[PDB]
>>> print(open('structure04.csv').read())   # CSV, C-alpha atoms
chain,number,residue,atom,x,y,z
A,4,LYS,CA,0.0,0.0,0.0
A,5,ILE,CA,1.9,3.1,-1.3
A,6,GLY,CA,0.6,6.6,-1.9
A,7,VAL,CA,2.4,9.6,-3.4
A,8,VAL,CA,1.7,13.3,-3.4
A,9,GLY,CA,3.0,16.1,-5.6
A,10,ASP,CA,3.0,17.7,-9.1
A,11,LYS,CA,1.4,15.5,-11.8
A,12,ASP,CA,4.3,15.9,-14.2
A,13,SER,CA,6.8,14.6,-11.6
A,14,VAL,CA,4.6,12.2,-9.8
A,15,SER,CA,2.4,10.6,-12.5
A,16,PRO,CA,5.3,8.4,-13.6
A,17,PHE,CA,4.7,6.6,-10.2
A,18,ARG,CA,1.2,5.6,-11.6
A,19,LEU,CA,3.0,3.1,-13.8
A,20,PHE,CA,3.3,1.4,-10.5
A,21,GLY,CA,0.5,0.7,-8.1
A,22,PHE,CA,0.8,4.1,-6.4
A,23,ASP,CA,-2.4,6.0,-5.5
A,24,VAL,CA,-1.0,9.3,-6.8
A,25,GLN,CA,-2.5,12.6,-5.9
A,26,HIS,CA,-2.1,16.1,-7.2
A,27,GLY,CA,-3.0,18.1,-4.1
A,28,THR,CA,-2.4,21.8,-4.0
A,29,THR,CA,-4.0,22.8,-0.7
A,30,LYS,CA,-2.7,23.5,2.8
A,31,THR,CA,-5.4,21.7,4.7
A,32,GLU,CA,-6.7,19.1,2.1
A,33,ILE,CA,-3.2,17.8,1.7
A,34,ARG,CA,-3.7,16.8,5.3
A,35,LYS,CA,-7.2,15.6,4.4
A,36,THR,CA,-5.5,13.4,1.8
A,37,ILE,CA,-2.9,12.3,4.3
A,38,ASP,CA,-5.6,11.8,6.9
A,39,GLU,CA,-7.6,9.4,4.7
A,40,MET,CA,-4.2,8.2,3.8
A,41,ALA,CA,-3.8,7.5,7.5
A,42,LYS,CA,-6.9,5.4,8.3
A,43,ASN,CA,-6.2,3.2,5.3
A,44,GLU,CA,-3.0,1.3,6.1
A,45,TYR,CA,-0.7,2.7,3.4
A,46,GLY,CA,2.8,1.7,4.6
A,47,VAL,CA,4.7,4.5,2.8
A,48,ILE,CA,3.8,7.9,1.4
A,49,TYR,CA,6.1,9.9,-0.9
A,50,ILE,CA,5.9,13.7,-0.8
A,51,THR,CA,7.3,16.3,-3.0
A,52,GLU,CA,8.9,18.9,-0.7
A,53,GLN,CA,7.1,21.6,-2.6
A,54,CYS,CA,3.9,20.3,-1.1
A,55,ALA,CA,5.2,19.7,2.4
A,56,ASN,CA,5.6,23.4,3.6
A,57,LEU,CA,1.8,23.2,3.2
A,58,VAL,CA,0.5,21.2,6.2
A,59,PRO,CA,3.8,20.9,8.2
A,60,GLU,CA,1.6,20.0,11.2
A,61,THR,CA,0.3,16.7,9.8
A,62,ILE,CA,3.6,15.0,9.3
A,63,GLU,CA,4.8,16.0,12.7
A,64,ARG,CA,1.7,14.4,14.1
A,65,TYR,CA,2.2,11.0,12.5
A,66,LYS,CA,5.9,11.3,12.9
A,67,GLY,CA,5.7,9.4,16.2
A,68,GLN,CA,3.5,6.9,14.5
A,69,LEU,CA,5.0,4.2,12.3
A,70,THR,CA,2.3,4.3,9.6
A,71,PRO,CA,2.3,6.2,7.4
A,72,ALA,CA,6.0,6.5,6.7
A,73,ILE,CA,6.0,10.2,5.6
A,74,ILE,CA,8.8,10.8,3.1
A,75,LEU,CA,10.0,14.2,1.7
A,76,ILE,CA,11.1,14.1,-2.0
A,77,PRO,CA,12.3,16.7,-4.6
A,78,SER,CA,10.0,17.4,-7.5
A,79,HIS,CA,11.0,17.9,-11.1
A,80,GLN,CA,12.2,21.4,-10.2
A,81,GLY,CA,14.0,20.7,-6.9
A,82,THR,CA,13.7,20.1,-3.2
A,83,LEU,CA,13.2,22.9,-0.6
A,84,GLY,CA,16.0,21.3,1.4
A,85,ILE,CA,13.9,19.5,4.0
A,86,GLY,CA,16.7,16.9,4.2
A,87,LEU,CA,19.2,19.5,5.4
A,88,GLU,CA,16.7,20.5,8.1
A,89,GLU,CA,15.3,17.4,9.6
A,90,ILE,CA,18.5,15.3,9.8
A,91,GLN,CA,20.3,18.2,11.5
A,92,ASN,CA,17.9,19.0,14.4
A,93,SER,CA,17.0,15.3,15.0
A,94,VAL,CA,20.6,14.2,15.5
A,95,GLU,CA,21.2,17.1,18.0
A,96,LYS,CA,17.9,16.6,19.9
A,97,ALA,CA,18.7,13.1,21.0
A,98,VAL,CA,22.4,13.6,21.9
B,49,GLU,CA,24.1,9.5,2.7
B,50,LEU,CA,20.9,8.0,1.4
B,51,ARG,CA,19.1,11.3,1.5
B,52,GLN,CA,21.6,13.4,-0.5
B,53,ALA,CA,22.1,10.5,-3.0
B,54,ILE,CA,18.3,10.3,-3.5
B,55,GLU,CA,18.2,14.1,-4.2
B,56,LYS,CA,20.7,13.9,-7.1
B,57,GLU,CA,19.2,10.8,-8.7
B,58,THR,CA,15.7,12.3,-8.5
B,59,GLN,CA,16.8,15.6,-9.9
B,60,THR,CA,18.8,14.3,-12.9
B,61,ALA,CA,15.7,12.2,-13.5
B,87,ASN,CA,0.7,-4.6,-9.1
B,88,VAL,CA,3.4,-3.1,-7.1
B,89,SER,CA,2.5,-2.6,-3.4
B,90,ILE,CA,4.6,-3.1,-0.2
B,91,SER,CA,3.8,-5.0,2.9
B,92,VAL,CA,5.4,-3.7,6.0
B,93,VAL,CA,5.6,-6.0,9.1
B,94,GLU,CA,7.0,-3.7,11.8
B,95,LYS,CA,9.8,-5.4,13.7
B,96,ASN,CA,10.6,-4.4,17.2
B,97,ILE,CA,13.4,-2.9,19.3
B,98,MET,CA,12.0,-2.7,22.8
B,99,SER,CA,10.6,0.9,23.1
B,100,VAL,CA,9.5,1.8,19.6
B,101,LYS,CA,8.8,-0.7,16.9
B,102,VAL,CA,11.0,-0.7,13.8
C,227,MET,CA,10.7,-21.4,82.7
C,228,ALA,CA,11.4,-23.0,79.3
C,229,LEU,CA,15.1,-22.0,79.2
C,230,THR,CA,15.5,-23.3,82.8
C,231,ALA,CA,13.8,-26.6,81.7
C,232,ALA,CA,16.0,-26.6,78.5
C,233,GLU,CA,19.1,-26.1,80.7
C,234,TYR,CA,17.8,-29.0,82.9
C,235,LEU,CA,17.7,-31.3,79.9
C,236,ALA,CA,21.0,-30.4,78.3
C,237,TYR,CA,23.6,-29.6,81.1
C,238,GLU,CA,22.3,-32.1,83.7
C,239,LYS,CA,21.1,-34.9,81.3
C,240,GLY,CA,23.5,-34.5,78.4
C,241,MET,CA,20.7,-34.1,75.8
C,242,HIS,CA,20.8,-31.9,72.7
C,243,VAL,CA,17.9,-29.4,73.2
C,244,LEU,CA,16.1,-27.1,70.8
C,245,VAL,CA,14.1,-24.2,72.1
C,246,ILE,CA,11.3,-22.4,70.2
C,247,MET,CA,9.6,-19.2,71.5
C,248,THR,CA,6.6,-17.4,70.1
C,249,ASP,CA,5.7,-14.6,70.3
C,250,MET,CA,8.7,-12.5,71.3
C,251,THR,CA,6.9,-9.3,70.4
C,252,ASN,CA,4.3,-10.3,72.9
C,253,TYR,CA,7.0,-10.7,75.5
C,254,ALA,CA,8.0,-7.1,75.1
C,255,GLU,CA,4.5,-5.7,75.3
C,256,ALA,CA,4.0,-7.6,78.6
C,257,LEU,CA,7.5,-6.5,79.7
C,258,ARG,CA,6.4,-2.9,79.2
C,259,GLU,CA,3.3,-3.3,81.3
C,260,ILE,CA,5.1,-4.2,84.6
C,261,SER,CA,7.5,-1.4,84.0
C,262,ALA,CA,4.7,1.2,84.1
C,263,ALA,CA,3.6,-0.7,87.2
C,264,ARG,CA,6.9,0.0,88.9
C,265,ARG,CA,6.3,3.5,87.5
C,266,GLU,CA,9.7,3.2,85.7
C,267,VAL,CA,10.2,5.6,82.8
C,268,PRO,CA,10.5,3.9,79.4
C,269,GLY,CA,13.8,4.4,77.6
C,270,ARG,CA,13.2,4.2,73.9
C,271,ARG,CA,10.1,3.7,71.6
C,272,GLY,CA,8.0,3.1,74.8
C,273,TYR,CA,10.0,0.1,75.6
C,274,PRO,CA,12.0,0.0,78.9
C,275,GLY,CA,15.7,0.8,79.2
C,276,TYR,CA,16.7,-2.7,80.0
C,277,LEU,CA,15.1,-4.3,77.0
C,278,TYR,CA,18.4,-5.2,75.3
C,279,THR,CA,19.8,-6.6,78.5
C,280,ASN,CA,16.6,-8.4,79.5
C,281,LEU,CA,16.6,-10.0,76.1
C,282,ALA,CA,20.3,-11.0,76.4
C,283,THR,CA,19.6,-12.6,79.8
C,284,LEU,CA,17.3,-15.2,78.2
C,285,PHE,CA,18.9,-15.3,74.7
C,286,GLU,CA,22.6,-15.7,75.6
C,287,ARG,CA,21.8,-18.8,77.6
C,288,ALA,CA,22.5,-21.3,74.8
C,289,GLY,CA,25.5,-23.4,73.6
C,290,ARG,CA,27.8,-26.3,74.5
C,291,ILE,CA,29.9,-26.3,77.6
C,292,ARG,CA,33.4,-27.8,78.1
C,293,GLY,CA,33.4,-31.3,79.6
C,294,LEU,CA,29.6,-31.8,79.2
C,295,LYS,CA,27.7,-33.4,76.3
C,296,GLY,CA,24.8,-31.0,76.5
C,297,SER,CA,23.4,-28.6,73.9
C,298,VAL,CA,21.0,-25.7,74.0
C,299,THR,CA,19.8,-24.1,70.7
C,300,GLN,CA,17.2,-21.3,70.5
C,301,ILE,CA,14.9,-20.3,67.6
C,302,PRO,CA,13.1,-17.2,68.9
C,303,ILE,CA,10.2,-16.0,66.7
C,304,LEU,CA,9.0,-12.3,66.6
C,305,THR,CA,6.6,-10.3,64.5
C,306,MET,CA,8.2,-7.0,63.3
C,307,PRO,CA,5.6,-4.3,63.8
C,308,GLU,CA,4.6,-3.3,60.2
C,309,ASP,CA,7.5,-5.2,58.6
C,310,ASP,CA,10.3,-3.0,59.9
C,311,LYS,CA,13.7,-4.2,61.1
C,312,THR,CA,14.8,-0.9,62.5
C,313,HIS,CA,12.1,-1.4,65.2
C,314,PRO,CA,13.5,-2.0,68.7
C,315,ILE,CA,12.3,-5.6,68.8
C,316,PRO,CA,14.1,-7.1,65.9
C,317,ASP,CA,16.9,-4.5,65.9
C,318,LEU,CA,18.1,-5.1,69.5
C,319,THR,CA,17.6,-8.8,68.9
C,320,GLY,CA,20.2,-8.7,66.1
C,321,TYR,CA,22.9,-7.5,68.5
C,322,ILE,CA,22.4,-10.6,70.6
C,323,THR,CA,21.5,-13.4,68.2
C,324,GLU,CA,23.8,-14.8,65.4
C,325,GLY,CA,22.0,-14.2,62.1
C,326,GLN,CA,18.3,-14.0,61.2
C,327,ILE,CA,15.6,-15.8,59.1
C,328,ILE,CA,13.2,-13.3,57.5
C,329,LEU,CA,9.8,-14.0,56.1
C,330,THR,CA,8.5,-11.8,53.3
C,331,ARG,CA,5.0,-10.5,52.6
C,332,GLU,CA,5.7,-10.4,48.9
C,333,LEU,CA,6.6,-14.1,49.0
C,334,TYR,CA,3.7,-15.3,51.0
C,335,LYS,CA,1.3,-13.4,48.8
C,336,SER,CA,2.8,-15.1,45.9
C,337,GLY,CA,2.1,-18.6,47.4
C,338,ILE,CA,5.7,-19.3,48.6
C,339,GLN,CA,5.7,-21.7,51.6
C,340,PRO,CA,7.7,-21.0,53.6
C,341,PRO,CA,7.9,-17.4,52.4
C,342,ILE,CA,11.6,-17.1,53.4
C,343,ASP,CA,13.7,-14.6,51.5
C,344,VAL,CA,17.3,-15.8,51.6
C,345,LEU,CA,19.0,-12.5,50.6
C,346,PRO,CA,18.3,-10.6,53.9
C,347,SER,CA,18.4,-13.8,55.8
C,348,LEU,CA,21.7,-14.8,57.4
C,349,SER,CA,23.5,-17.3,59.6
C,350,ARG,CA,26.8,-16.2,61.2
C,351,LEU,CA,28.0,-19.7,62.1
C,352,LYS,CA,26.8,-21.6,59.0
C,353,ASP,CA,30.2,-22.8,57.9
C,354,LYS,CA,30.7,-24.5,61.2
C,355,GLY,CA,28.1,-27.2,60.3
C,356,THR,CA,29.0,-27.6,56.6
C,357,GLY,CA,31.6,-29.8,54.9
C,358,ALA,CA,32.5,-33.4,55.1
C,359,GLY,CA,31.8,-35.0,58.5
C,360,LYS,CA,28.6,-32.9,58.9
C,361,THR,CA,27.2,-32.6,55.4
C,362,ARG,CA,28.1,-33.2,51.7
C,363,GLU,CA,31.5,-31.9,50.7
C,364,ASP,CA,30.0,-29.3,48.2
C,365,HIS,CA,27.8,-27.6,50.8
C,366,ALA,CA,29.7,-24.3,51.2
C,367,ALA,CA,30.7,-24.2,47.5
C,368,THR,CA,27.2,-24.7,46.2
C,369,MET,CA,25.5,-22.4,48.8
C,370,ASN,CA,27.4,-19.3,47.5
C,371,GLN,CA,26.7,-20.2,43.9
C,372,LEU,CA,22.9,-20.5,44.3
C,373,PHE,CA,23.0,-17.3,46.3
C,374,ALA,CA,24.9,-15.1,43.8
C,375,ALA,CA,22.9,-16.5,40.9
C,376,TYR,CA,19.6,-15.6,42.6
C,377,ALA,CA,20.5,-11.9,43.0
C,378,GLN,CA,21.7,-11.8,39.4
C,379,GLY,CA,18.5,-13.5,38.3
C,380,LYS,CA,16.4,-11.1,40.3
C,381,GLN,CA,18.2,-8.2,38.7
C,382,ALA,CA,17.6,-9.7,35.3
C,383,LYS,CA,14.0,-10.0,36.2
C,384,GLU,CA,13.6,-6.3,37.2
C,385,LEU,CA,15.3,-5.1,34.0
C,386,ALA,CA,13.1,-7.4,31.9
C,387,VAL,CA,9.8,-5.9,33.0
C,388,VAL,CA,11.2,-2.4,32.2
C,389,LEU,CA,13.0,-2.9,28.9
C,390,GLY,CA,11.1,-6.0,27.6
C,391,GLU,CA,12.1,-9.6,27.3
C,392,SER,CA,14.4,-9.1,24.3
C,393,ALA,CA,16.8,-6.6,25.8
C,394,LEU,CA,18.2,-9.5,27.9
C,395,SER,CA,21.0,-11.6,26.8
C,396,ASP,CA,19.4,-15.0,26.6
C,397,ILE,CA,21.6,-16.3,29.4
C,398,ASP,CA,20.5,-13.5,31.6
C,399,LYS,CA,17.1,-14.7,30.5
C,400,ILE,CA,18.0,-18.2,31.8
C,401,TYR,CA,19.3,-16.5,35.0
C,402,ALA,CA,15.8,-15.1,35.2
C,403,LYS,CA,14.2,-18.4,34.4
C,404,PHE,CA,16.5,-19.8,37.0
C,405,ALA,CA,15.5,-17.3,39.7
C,406,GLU,CA,11.8,-18.0,39.7
C,407,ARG,CA,12.3,-21.8,39.3
C,408,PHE,CA,14.6,-21.4,42.3
C,409,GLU,CA,11.8,-20.0,44.5
C,410,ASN,CA,9.0,-22.2,43.3
C,411,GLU,CA,10.8,-25.6,43.6
C,412,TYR,CA,13.7,-25.1,46.0
C,413,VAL,CA,12.4,-22.4,48.5
C,414,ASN,CA,8.8,-23.6,48.4
C,415,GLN,CA,8.6,-27.1,49.8
C,416,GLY,CA,5.5,-26.9,51.9
C,417,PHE,CA,4.8,-26.6,55.6
C,418,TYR,CA,4.3,-30.4,55.9
C,419,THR,CA,7.0,-31.5,53.4
C,420,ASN,CA,10.3,-32.6,55.0
C,421,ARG,CA,13.5,-32.3,53.1
C,422,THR,CA,16.6,-34.1,54.2
C,423,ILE,CA,20.0,-32.4,53.6
C,424,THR,CA,21.1,-34.7,50.7
C,425,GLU,CA,17.8,-34.2,48.9
C,426,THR,CA,18.3,-30.4,49.2
C,427,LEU,CA,21.9,-30.3,48.0
C,428,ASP,CA,21.5,-32.3,44.7
C,429,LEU,CA,18.3,-30.3,44.2
C,430,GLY,CA,20.5,-27.2,43.9
C,431,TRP,CA,22.6,-29.0,41.3
C,432,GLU,CA,19.4,-29.9,39.4
C,433,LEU,CA,18.7,-26.1,39.3
C,434,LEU,CA,22.3,-25.1,38.7
C,435,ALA,CA,22.2,-27.5,35.8
C,436,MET,CA,20.0,-25.0,34.0
C,437,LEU,CA,23.0,-22.7,33.9
C,438,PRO,CA,25.8,-23.8,31.6
C,439,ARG,CA,29.1,-25.0,32.9
C,440,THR,CA,30.8,-21.7,32.2
C,441,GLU,CA,29.5,-19.3,34.9
C,442,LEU,CA,29.8,-21.5,37.9
C,443,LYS,CA,33.0,-19.9,39.3
C,444,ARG,CA,32.5,-20.7,42.9
C,445,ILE,CA,32.9,-24.5,42.5
C,446,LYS,CA,36.1,-26.5,41.9
C,447,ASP,CA,37.0,-29.4,39.5
C,448,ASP,CA,36.5,-32.1,42.1
C,449,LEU,CA,32.9,-31.2,42.9
C,450,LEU,CA,31.5,-29.6,39.7
C,451,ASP,CA,31.5,-32.9,37.7
C,452,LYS,CA,31.1,-35.2,40.7
C,453,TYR,CA,27.6,-33.9,41.3
C,454,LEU,CA,26.3,-31.9,38.3
C,455,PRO,CA,23.7,-33.7,36.1
>>> encode(input="structure04.csv", output="structure tokens")
Amino acid sequence: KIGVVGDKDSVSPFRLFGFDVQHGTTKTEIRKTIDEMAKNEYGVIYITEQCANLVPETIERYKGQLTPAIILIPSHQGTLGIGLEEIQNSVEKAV
Amino acid sequence: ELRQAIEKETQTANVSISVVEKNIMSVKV
Amino acid sequence: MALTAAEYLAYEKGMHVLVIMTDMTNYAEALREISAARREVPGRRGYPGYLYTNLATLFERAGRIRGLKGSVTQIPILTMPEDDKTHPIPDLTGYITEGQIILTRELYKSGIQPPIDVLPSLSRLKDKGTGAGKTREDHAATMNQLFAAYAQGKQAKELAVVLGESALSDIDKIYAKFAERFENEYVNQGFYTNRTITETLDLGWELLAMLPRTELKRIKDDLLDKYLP
């Protein structure tokens, strides 16, 4: 069970595979996607970083939960650098 | 090292998963 | 009266005598009553100032005597008020008696009979009655092994319920499996079940046999393979 969220051009290639691909653009309905993507047991969700600055709350909420495995990805243009952020504060928070 | 790699490869660029969640005492993995 | 009768059986009849007294806490409560009768002012915790000495007068009257074949042994029983050793009754008793056998509420409420906890328990002259001529030649050697392994097993048990079963090395897990098997089959015999010394000693081996041959560093090469299953 895999879902992906982002821009159609960059993400519709995932539809070749069995990925319930969305094209969400909203700040709250992106959560609404992810929330219906939460009560169905989709193991992993791929997210273009361009969509993640919209609804940052919802991936901090399920961050402590195993499912869904919320994953930030660059779109066809580029990432916003969510990798530089979250690996940096997470390593220092623990230690 | 996975993350940065992923970034470059992505930028220059039935099939479902089943995830049993293993355990390491406090959280599950 | 009893001690005088016991002394009449040992020292003037050459018999080995064993004395059992219960309750000793009741003895003190009655000892307090006649003190207030004499209008004597109590020393500590409401108990008179001669409690330690008055106890020693009837406790220290035990043991063999040179030239005579008599023997007086005492097993005084007392109920610690609200399970506390620092109380004057069991505390002062400790300064007079050699060792102590302590029953535990946690054990009795878990079905252990007798509910004796061996860790706080102690016998100061235990080695005097162990070894060849009195018991099996592995008596002392075994005793310390079962003892140290129990504590380690109890510590493995406490860490298990806090970090899960898997956090344990599986031989710390067998030390845990050892430590409850130790209480349920060795400690718990029953109030009407007699156990002779030999039956108890090889029973320890049967329990030590759970543990591999690698950890048993309190036993020597004569005895480890002479008795271990």
>>> interface_residues(input="structure04.csv", of="chain B", to="chain A", cutoff="8 Å", atoms="only C-alpha atoms", output="list in words")
residues 51, 52, 55, 58, 59, 61, 87, 88, 89, 90, 91, 92, 101 and 102 of chain B
>>> closest_residue(input="structure04.csv", among="A:50, A:14, A:40, A:98", to="residue 85 in chain A", atoms="all atoms listed in the file")
A:50
>>> residues_near_point(input="structure04.csv", point="(20.8, -9.6, 37.4)", cutoff="9 Å", atoms="only C-alpha atoms", output="number ranges by chain")
C: 375-385, 398, 401-402
>>> interface_residues(input="structure04.csv", of="chain B", to="chain C", cutoff="10 Å", atoms="all atoms listed in the file", output="MDAnalysis selection string")
chainID B and resid 96:99
>>> axis_aligned_box(input="structure04.csv", around="range 304-312 of chain C", padding_each_side="8 Å", output="AutoDock Vina command-line options")
--center_x 9.7 --center_y -6.6 --center_z 62.6 --size_x 26.2 --size_y 27.4 --size_z 24.0
>>> atom_distance(input="structure04.csv", atom1="CA of residue 349 in chain C", atom2="CA of residue 373 in chain C")
13.3 Å
>>> residues_around(input="structure04.csv", residues="residue 25 in chain A", least_positions_apart="3", cutoff="9 Å", atoms="only C-alpha atoms", output="ChimeraX atom specification")
/A:6-11,14-15,36
>>> atom_distance(input="structure04.csv", atom1="CA of residue 336 in chain C", atom2="CA of residue 310 in chain C")
20.0 Å
>>> residues_near_point(input="structure04.csv", point="(-5.8, 13.3, -1.1)", cutoff="9 Å", atoms="only C-alpha atoms", output="list in words")
residues 8, 24, 25, 26, 27, 32, 33, 34, 35, 36, 37, 38, 39 and 40 of chain A
>>> write_last_selection(input="structure04.csv", atoms="C-alpha atoms", output="PDB file, in the coordinates of the input")
ATOM      1  CA  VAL A   8       1.700  13.300  -3.400  1.00  0.00           C
ATOM      2  CA  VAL A  24      -1.000   9.300  -6.800  1.00  0.00           C
ATOM      3  CA  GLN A  25      -2.500  12.600  -5.900  1.00  0.00           C
ATOM      4  CA  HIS A  26      -2.100  16.100  -7.200  1.00  0.00           C
ATOM      5  CA  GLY A  27      -3.000  18.100  -4.100  1.00  0.00           C
ATOM      6  CA  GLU A  32      -6.700  19.100   2.100  1.00  0.00           C
ATOM      7  CA  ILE A  33      -3.200  17.800   1.700  1.00  0.00           C
ATOM      8  CA  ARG A  34      -3.700  16.800   5.300  1.00  0.00           C
ATOM      9  CA  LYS A  35      -7.200  15.600   4.400  1.00  0.00           C
ATOM     10  CA  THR A  36      -5.500  13.400   1.800  1.00  0.00           C
ATOM     11  CA  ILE A  37      -2.900  12.300   4.300  1.00  0.00           C
ATOM     12  CA  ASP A  38      -5.600  11.800   6.900  1.00  0.00           C
ATOM     13  CA  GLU A  39      -7.600   9.400   4.700  1.00  0.00           C
ATOM     14  CA  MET A  40      -4.200   8.200   3.800  1.00  0.00           C
TER      15      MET A  40
END
>>> residues_around(input="structure04.csv", residues="residue 444 in chain C", least_positions_apart="3", cutoff="10 Å", atoms="only C-alpha atoms", output="list in words")
residues 366, 367, 368, 369, 370, 371, 372, 374, 441 and 450 of chain C
>>> residues_around(input="structure04.csv", residues="residue 238 in chain C", least_positions_apart="3", cutoff="10 Å", atoms="all atoms listed in the file", output="list in words")
residues 232, 233, 234, 235, 241, 294, 295 and 296 of chain C
>>> atom_distance(input="structure04.csv", atom1="CA of residue 71 in chain A", atom2="CA of residue 23 in chain A")
13.7 Å
>>> build_atoms(input="structure04.csv", residues="range 382-399 of chain C", atoms="N, CA, C and O atoms", output="PDB file, in the frame of the given file")
ATOM      1  N   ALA C 382      18.013  -9.504  36.665  1.00  0.00           N
ATOM      2  CA  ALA C 382      17.600  -9.700  35.300  1.00  0.00           C
ATOM      3  C   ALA C 382      16.137  -9.629  35.128  1.00  0.00           C
ATOM      4  O   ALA C 382      15.635  -9.152  34.110  1.00  0.00           O
ATOM      5  N   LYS C 383      15.422 -10.058  36.163  1.00  0.00           N
ATOM      6  CA  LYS C 383      14.000 -10.000  36.200  1.00  0.00           C
ATOM      7  C   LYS C 383      13.464  -8.559  36.226  1.00  0.00           C
ATOM      8  O   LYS C 383      12.519  -8.206  35.522  1.00  0.00           O
ATOM      9  N   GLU C 384      14.094  -7.728  37.051  1.00  0.00           N
ATOM     10  CA  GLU C 384      13.600  -6.300  37.200  1.00  0.00           C
ATOM     11  C   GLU C 384      13.918  -5.522  35.944  1.00  0.00           C
ATOM     12  O   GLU C 384      13.163  -4.601  35.630  1.00  0.00           O
ATOM     13  N   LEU C 385      14.985  -5.853  35.221  1.00  0.00           N
ATOM     14  CA  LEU C 385      15.300  -5.100  34.000  1.00  0.00           C
ATOM     15  C   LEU C 385      14.443  -5.602  32.858  1.00  0.00           C
ATOM     16  O   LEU C 385      14.206  -4.874  31.893  1.00  0.00           O
ATOM     17  N   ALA C 386      13.959  -6.834  32.978  1.00  0.00           N
ATOM     18  CA  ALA C 386      13.100  -7.400  31.900  1.00  0.00           C
ATOM     19  C   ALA C 386      11.787  -6.755  31.812  1.00  0.00           C
ATOM     20  O   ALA C 386      11.317  -6.498  30.706  1.00  0.00           O
ATOM     21  N   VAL C 387      11.168  -6.450  32.947  1.00  0.00           N
ATOM     22  CA  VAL C 387       9.800  -5.900  33.000  1.00  0.00           C
ATOM     23  C   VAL C 387       9.867  -4.369  32.654  1.00  0.00           C
ATOM     24  O   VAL C 387       8.828  -3.718  32.545  1.00  0.00           O
ATOM     25  N   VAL C 388      11.069  -3.820  32.505  1.00  0.00           N
ATOM     26  CA  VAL C 388      11.200  -2.400  32.200  1.00  0.00           C
ATOM     27  C   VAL C 388      11.708  -2.125  30.825  1.00  0.00           C
ATOM     28  O   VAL C 388      11.469  -1.053  30.269  1.00  0.00           O
ATOM     29  N   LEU C 389      12.393  -3.104  30.242  1.00  0.00           N
ATOM     30  CA  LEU C 389      13.000  -2.900  28.900  1.00  0.00           C
ATOM     31  C   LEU C 389      12.479  -4.018  27.945  1.00  0.00           C
ATOM     32  O   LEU C 389      12.867  -4.033  26.781  1.00  0.00           O
ATOM     33  N   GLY C 390      11.638  -4.924  28.430  1.00  0.00           N
ATOM     34  CA  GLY C 390      11.100  -6.000  27.600  1.00  0.00           C
ATOM     35  C   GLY C 390      11.965  -7.249  27.725  1.00  0.00           C
ATOM     36  O   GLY C 390      13.064  -7.212  28.277  1.00  0.00           O
ATOM     37  N   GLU C 391      11.450  -8.359  27.210  1.00  0.00           N
ATOM     38  CA  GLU C 391      12.100  -9.600  27.300  1.00  0.00           C
ATOM     39  C   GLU C 391      13.380  -9.712  26.443  1.00  0.00           C
ATOM     40  O   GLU C 391      14.358 -10.377  26.789  1.00  0.00           O
ATOM     41  N   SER C 392      13.345  -9.010  25.315  1.00  0.00           N
ATOM     42  CA  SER C 392      14.400  -9.100  24.300  1.00  0.00           C
ATOM     43  C   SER C 392      15.676  -8.394  24.621  1.00  0.00           C
ATOM     44  O   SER C 392      16.744  -8.763  24.131  1.00  0.00           O
ATOM     45  N   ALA C 393      15.582  -7.363  25.457  1.00  0.00           N
ATOM     46  CA  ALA C 393      16.800  -6.600  25.800  1.00  0.00           C
ATOM     47  C   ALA C 393      17.771  -7.418  26.612  1.00  0.00           C
ATOM     48  O   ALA C 393      18.939  -7.047  26.729  1.00  0.00           O
ATOM     49  N   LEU C 394      17.317  -8.555  27.128  1.00  0.00           N
ATOM     50  CA  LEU C 394      18.200  -9.500  27.900  1.00  0.00           C
ATOM     51  C   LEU C 394      19.014 -10.329  26.981  1.00  0.00           C
ATOM     52  O   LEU C 394      18.537 -10.805  25.951  1.00  0.00           O
ATOM     53  N   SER C 395      20.271 -10.537  27.356  1.00  0.00           N
ATOM     54  CA  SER C 395      21.000 -11.600  26.800  1.00  0.00           C
ATOM     55  C   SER C 395      20.365 -12.904  27.213  1.00  0.00           C
ATOM     56  O   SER C 395      19.982 -13.028  28.375  1.00  0.00           O
ATOM     57  N   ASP C 396      20.206 -13.856  26.301  1.00  0.00           N
ATOM     58  CA  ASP C 396      19.400 -15.000  26.600  1.00  0.00           C
ATOM     59  C   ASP C 396      19.927 -15.939  27.676  1.00  0.00           C
ATOM     60  O   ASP C 396      19.286 -16.923  28.045  1.00  0.00           O
ATOM     61  N   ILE C 397      21.103 -15.612  28.204  1.00  0.00           N
ATOM     62  CA  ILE C 397      21.600 -16.300  29.400  1.00  0.00           C
ATOM     63  C   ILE C 397      21.389 -15.520  30.627  1.00  0.00           C
ATOM     64  O   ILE C 397      21.504 -16.037  31.738  1.00  0.00           O
ATOM     65  N   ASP C 398      21.064 -14.243  30.457  1.00  0.00           N
ATOM     66  CA  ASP C 398      20.500 -13.500  31.600  1.00  0.00           C
ATOM     67  C   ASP C 398      19.038 -13.794  31.651  1.00  0.00           C
ATOM     68  O   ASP C 398      18.413 -13.633  32.698  1.00  0.00           O
ATOM     69  N   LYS C 399      18.493 -14.272  30.536  1.00  0.00           N
ATOM     70  CA  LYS C 399      17.100 -14.700  30.500  1.00  0.00           C
ATOM     71  C   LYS C 399      16.970 -16.086  31.130  1.00  0.00           C
ATOM     72  O   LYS C 399      15.908 -16.428  31.648  1.00  0.00           O
TER      73      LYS C 399
END
